[PDB]
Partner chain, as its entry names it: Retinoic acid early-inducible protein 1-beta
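We begin with a single chain expressed as structure tokens, specifically the form solved without the partner chain.
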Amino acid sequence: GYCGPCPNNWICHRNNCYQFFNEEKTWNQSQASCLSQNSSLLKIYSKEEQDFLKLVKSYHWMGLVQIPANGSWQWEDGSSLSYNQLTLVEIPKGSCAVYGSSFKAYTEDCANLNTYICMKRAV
């Protein structure tokens, strides 16, 4: 069958759309860049349905952030981080997270410059 719809030249899988950007930006600028293209930073909503992402090397900003008050990690769509989605390595002080392959994420200072991955959840 066909996969989509998706922005031109984006990778499509189960109707989810992904694109990898190597221009480095802060977490906020990365999220903004994704939003300007009608998407959001990468969200791992299901390891089973996003299996190939385990093969993505290096580190990239994803849509996982820390809440100021309670300090609870949640995705940009407001949903909360679940145990079965990925293994988050909480390294001191950082309030944003980079995806680091193998369904593992690492906390970092949001002002750090990183490449990033945008995703459009299917409808």
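Between two forms, the rigid core is the largest collection of C-alphas that superpose within 1.5 Å. Positions refer to the first chain, counted from 1.
There is another form of the same protein, the form solved in complex with the partner chain; it is not shown, and what comes next is about it.
Just one of 44, 98, 34, 65 comes within 4.5 Å of the partner chain in the entry with it bound, counting any heavy atom, and that one is 98.
For residue 28, no non-hydrogen atom is located within 4.5 Å of the partner chain in the entry with it bound, even though that partner is not displayed. Although the partner is absent from this view, residue 75 stays clear of the partner chain in the entry with it bound, with no non-hydrogen atom inside 4.5 angstroms. A residue is said to contact a partner when one of its heavy atoms sits within 4.5 Å of a partner heavy atom; residue 58 meets this definition for the partner chain in the entry with it bound.
Applying a 4.5 Å heavy atom cutoff to the partner chain in the entry with it bound picks out 104, 106, 108, 114 from 104-123, in order along the sequence. When the rigid core is held fixed, the Cα atom of residue 69 travels 2 angstroms or more between this form and the one not shown.
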